[PDB]
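Only one chain is included here, represented as structure tokens and corresponding to the form deposited in one PDB entry.
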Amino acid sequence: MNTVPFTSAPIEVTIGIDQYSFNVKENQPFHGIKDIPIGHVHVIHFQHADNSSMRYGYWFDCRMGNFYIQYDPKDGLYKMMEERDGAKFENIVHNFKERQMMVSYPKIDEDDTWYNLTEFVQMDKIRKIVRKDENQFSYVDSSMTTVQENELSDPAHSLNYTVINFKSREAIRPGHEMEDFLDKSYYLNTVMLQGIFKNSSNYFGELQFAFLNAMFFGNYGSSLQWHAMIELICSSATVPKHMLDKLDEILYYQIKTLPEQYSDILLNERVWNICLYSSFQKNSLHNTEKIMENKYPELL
């Protein structure tokens, strides 16, 4: 079980860790988060009390270093940093744990939610979508645009998700225009899976990371990416049976975890109705269809 200490919490802020949150008063003693499960990526995220504009946060994996949070009063945000001195870090953490000023990552033992949301998400892939190679952790916020968004303006601060565009030469073979537009299997299986992602695990990892950035930061381009990767599968007549079964599980847990009051914005009516009721895979997403109908019957 690993720890991310906080130097101090000088401004009032809602702090998130994965699907959990702690509401902190100006200079209240929130000095860290302890007992963080090893083996998964995690995200620590922030929403300032005084300016709910800009949710932002850091993707990290405690196996890759000792990380802490420190407020920067010049840039006005909580920054993740790496501590390279291991003895300094263990000493800082042990003091904070003795004063009991670190909250415990509040995982219920029965609860596989985070695993199910991050099953295929790896830090190494995250760091290629979020390019900042001097750090082992990755910053994301509400306003960052995607590469494809920038094509339609600061590249260093972009989300380099895989560009998916259904009316593109990449998606459509010359001479198979109608065939490839109405059944995207070629684009999914040959162009994207075999060509670009290499396997379905990397595809699912990007899909899950896109969802999580949409949910935790309201990042609009991430939401577009998530829906596009769903739609590409559902619009393919030929999908490996293991991918469909896993997709149904993935989406089930994403829909389960979505805040009920954010469904209006984060869920695209057209993609979901098409995937669940019109597409080739209309009959292949039983878990997802059942939770969607029982939780968001209005959208449908």
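Rigid core (definition): largest C-alpha set, two forms, superposition within 1.5 Å. Shifts are known only where both forms have a C-alpha. Sequential numbering from 1, following the sequence displayed.
What comes next is about the form solved in complex with a small molecule, which is not displayed.
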Classify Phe89 as contacting or not contacting the small molecule in the deposited bound form by the rule of any non-hydrogen atom within 4.5 angstroms, answering yes or no. yes
Find out whether any non-hydrogen atom of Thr7 is located within 4.5 angstroms of the small molecule in the deposited bound form, and reply yes or no. yes
Looking in the deposited bound form, any heavy atom of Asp183 within 4.5 Å of the small molecule? no
Even though the partner isn't displayed, in the deposited bound form is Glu98 close enough to the small molecule, meaning a heavy atom within 4.5 Å? yes
On a rigid core fit between the shown form and the other one, runs of three or more residues in which every CA shifts by 2 Å or more occupy 96-99
